[PDB]
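1. A structural model of the following input is requested.
(one chain, ligands or ions: 3)
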Amino acid sequence: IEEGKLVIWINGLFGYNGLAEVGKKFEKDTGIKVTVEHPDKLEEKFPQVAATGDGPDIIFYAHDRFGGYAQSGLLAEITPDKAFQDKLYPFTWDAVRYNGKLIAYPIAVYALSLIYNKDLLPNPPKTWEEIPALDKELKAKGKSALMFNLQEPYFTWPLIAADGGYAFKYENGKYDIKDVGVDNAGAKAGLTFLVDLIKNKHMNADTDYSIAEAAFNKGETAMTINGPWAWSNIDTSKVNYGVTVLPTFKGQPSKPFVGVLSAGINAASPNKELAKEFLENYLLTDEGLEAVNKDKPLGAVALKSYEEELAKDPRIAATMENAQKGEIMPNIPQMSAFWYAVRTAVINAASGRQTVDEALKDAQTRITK
Ligand SMILES: OC[C@H]1O[C@@](CO)(O[C@H]2O[C@H](CO)[C@@H](O)[C@H](O)[C@H]2O)[C@@H](O)[C@@H]1O
Ligand SMILES: [Zn+2]
Ligand SMILES: [Zn+2]
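-> Numbers count the residues shown, from 1 in each chain. Ligands and ions are numbered 1, 2, ... in the order given. Provided below are the atomic coordinates:
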């Protein structure tokens, strides 16, 4: 890491170009060059490189990955004063607190919502159970009912947790890493339904982010599941779409895992003062957030002043409604294991290489091993 400049990493799904614009205003005003990159699998890359003393000066990613980094001493403790802390909703601050210490700056809160084509389906389904019949019906027009990324468990987890599945129970003031619910009845029921949709051919196990996006933006599928970041391309496609509550399962709401996009500062960085200045005085301001938000919508931002101007947007109201029905992700070091195990379980169950029961049993065992 070079002293006198800022290198930032952020998930390619978000508005990295919008974040670069903020970096340019910073450079103009300060003279410091800000380089924004979106490396592949940055959440796994950062740990590796940061452990040797390099990597970016600032890393932007969902808060669930940060506990792992902090435990490894890869994050500098941020030092925001009371006046600044008061500018962001306190619940977003709790999302980046680890071991009684703040390890990152909250930027935005997001969750998945059901997105549907108003012209193909005026009244979206309130339940998962009615999608199969609805799909067959749309097949009589060469169209499908629902397409969404089945490769990443973040997308399928809302259904799995609906009837009772869960990661780590939060109890006694902390996350119980032995009390895991990926192999219970609730979780099995939800994944069995998903896998049935795939085997019965209402969905294809190969559907990924590209497939689902192209299908919905070309009006070939009535619905999709995605986050705020996808709204930009949908607007560009001209689809008359709506953003609403995820359907229910066995009479219960789908429970999406709520993520808080956070900016953490590399412990090995020689530009910690500059990082703080950029985040607190350039990014986390109405101006900075609007810049990023106009690139790719962030969802409900942590900045109270700006969030008030965004709250009006019904798409954001829908995001929050889904978020309140779900659960803020835990940020413990074991989350990496949870995601890896679940990602594998869903993939094997969906590809036939394993029965739902097997898949989940193995994920559960590996998560608590
Ligand atoms: O492709 C998944 C997409 O979802 C996010 C939402 O924050 O990641 C979440 O889900 C992953 C598994 O699907 C986890 O590995 C990750 O830690 C979690 O935040 C995005 O970051 C990601 O691009
Ligand atoms: Zn069917
Ligand atoms: Zn693919």
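2. near ligand 2, which residues of the protein?
-> By the rule C-beta under 5 Å from the ion, the part of the chain lying against ligand 2 is 132, 200. Backbone N, C-alpha and C define where each C-beta goes, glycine included.
3. domain parsing for the chain?
-> 4-110+259-330, 111-258+331-369 (curated CATH domains).
4. dump the ones you listed into a markdown table; add mean neighbour count as well.
-> Below are the domains of the chain laid out as a markdown table (neighbours: other C-beta atoms under 10 Å):
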| stretch | mean neighbour count |
| --- | --- |
| domain 4-110+259-330 | 19 |
| domain 111-258+331-369 | 19 |
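5. reformat those domains as JSON lines; add distance to ligand 1.
-> Listed next are the domains of the chain as JSON lines, based on distance: least, C-beta to the nearest ligand atom, whole Å:
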{"stretch": "domain 4-110+259-330", "distance to ligand 1": "3"}
{"stretch": "domain 111-258+331-369", "distance to ligand 1": "3"}
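6. spatially speaking, which residue is in the middle of the protein?
-> residue 259 (5.0 Å; C-alpha atoms, centre = their mean).
7. give me the nearest residue to that residue, chain neighbours excluded.
-> With sequence-adjacent residues excluded and distances taken as C-beta to C-beta, 6 or more residues apart in numbering, residue 259 is closest to residue 62, at 3.8 Å.
8. ok, that neighbour to ligand 2 distance?
-> 34 Å (C-beta to the ion, to the nearest Å).
9. ok, now how distant is that residue from residue 299?
-> Residue 62 sits at a distance of 11 Å from residue 299 (criterion: C-beta to C-beta, to the nearest Å).
10. mutual contacts of the two, please.
-> Residues touching both residue 62 and residue 299 comprise residue 261, with contact defined as C-beta atoms under 8 Å, 6 or more residues apart in numbering.
11. could you double-check that the residue nearest to residue 259 lies in contact with residue 261?
-> Yes - if you go by C-beta atoms under 8 Å, residue 62 and residue 261 touch, sitting 6.2 Å apart.
12. overlap in contacts of these two?
-> With C-beta under 8 Å, 6+ apart, residue 62 and residue 261 have common neighbours residue 11.
13. helices or strands up against the longest helix along the chain?
-> As assigned by DSSP state H, the longest helix anywhere in the chain is helix 335-351. Using 3 or more C-beta pairs under 8 Å, 6 or more residues apart in numbering; DSSP states H and E as the contact test, the elements touching helix 335-351 are helix 66-71, helix 153-162, strand 166-171, helix 185-199, helix 356-368.
14. make it 10 Å
-> On a contact count with 3 or more C-beta pairs under 10 Å, 6 or more residues apart in numbering; DSSP states H and E, helix 335-351 meets helix 42-50, helix 66-71, helix 153-162, strand 166-171, strand 174-181, helix 185-199, helix 356-368.
15. and the gap between residue 213 and residue 11?
-> Distance from residue 213 to residue 11, by C-beta to C-beta: 16 Å.
16. most distant residue from the middle of this protein?
-> residue 140 (34.3 Å).
17. I'd like the distance between it and residue 239.
-> From residue 140 to residue 239 the distance is 21 Å (C-beta to C-beta).
18. re the thing from before, dump the helix or strand encompassing the residue nearest to the centre of the chain to CSV, keeping only the CA atoms.
-> Taking DSSP states H and E as the definition, residue 259 sits inside strand 257-265. What follows is strand 257-265, C-alpha atoms only, in CSV (Å, rounded to 0.1, in the frame of the first residue of the first chain):
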residue,chain,number,x,y,z
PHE,A,257,-30.8,-11.7,5.7
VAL,A,258,-30.3,-8.0,6.0
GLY,A,259,-26.9,-6.7,5.1
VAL,A,260,-25.2,-3.4,6.1
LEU,A,261,-22.7,-2.3,3.4
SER,A,262,-19.8,-1.2,5.5
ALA,A,263,-16.4,0.5,5.0
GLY,A,264,-13.6,-0.9,7.0
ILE,A,265,-10.0,0.4,7.2
